[PDB]
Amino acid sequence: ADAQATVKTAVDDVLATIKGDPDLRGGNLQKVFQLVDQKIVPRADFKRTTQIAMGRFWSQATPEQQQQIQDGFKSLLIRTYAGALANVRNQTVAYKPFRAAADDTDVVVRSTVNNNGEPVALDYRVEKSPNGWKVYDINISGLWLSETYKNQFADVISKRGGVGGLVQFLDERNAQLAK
C-alpha cells in the first residue's frame, strides 16, 4: 500500500469502528484511548510528532523524559479530540489527488470529511519507514499539529526554564482536560 492507501485504510478503520460501538459514541474515554492504540498508532509515528514538537530540546531531554513527554502529549491530543471522535455518526471522507511522486518518501495526503454537510479538511504528513508508511502529522483547521505544539512547547520550555517545565505543563494540561 502507498501513502494515500495507508491513510485511507486507517481513517476508514477509525470511522467504521466508532460507528459500530455505541459505548464509544456514548463517550467512554477508555474506549477512545483503545481505539487510538489499536486503529491509529500502528499506522502512525508519534515519536516523530513528539520529536518535531520538541525541536532542539528533544536531545536535551533524558530518555525517560522523552517517553513521559510522548505519553503526555499523546494523552493530551486524545483527550482534546475524544469528543469529536465520539460524535461521529455518518461522516464520509473524499481524498484529493495524490500529488507527490510514487518514489517520494515524505509526502502529504489531502482529504475532506463530510461533517453533516460541512466540508472539514484533514491533511496528513506520511513518511515511508523500513516498516511501512506512517502518519506523523495531521492538519486540522488549516494548521499542522506538530507546528502548533512546536510553538506551544518552545514557549513553555522558555518560560519554565527547561524540559522539566514541559513535563510539568503537560501534567497540568492533562489534569485540566480530565476535569
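Residue numbers run from 1 along the displayed sequence.
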Next item on the list: Averaging the C-alpha B factors as listed in the entry, name the stretch that ends up higher: 162-170 or 19-27.
Entry: 19-27
Checklist line | Higher-scoring stretch by recorded Cα B factor average, 113-121 or 57-65 | finding: 57-65
Check: Whose C-alpha has the highest temperature factor in the PDB entry: 49, 148, 131, 139?
Finding: 131
Item checked: Third of the chain's Cα B-factor distribution that residue 70 belongs to, per the entry -> lowest
Note to self: Ranking every modelled residue in this chain by its Cα temperature factor as given in the entry, which third contains residue 126?
What the structure shows: lowest
Notebook entry, point to check: C-alpha B factor of residue 90, ranked within the chain: lowest, middle or highest third?
Noted result: highest
Check: Thinking about Cα B factors across the chain, which third does residue 35 belong to?
Finding: middle
Note to self: How does the C-alpha B factor of residue 135 compare with the rest of the chain: lowest, middle or highest third?
What the structure shows: lowest
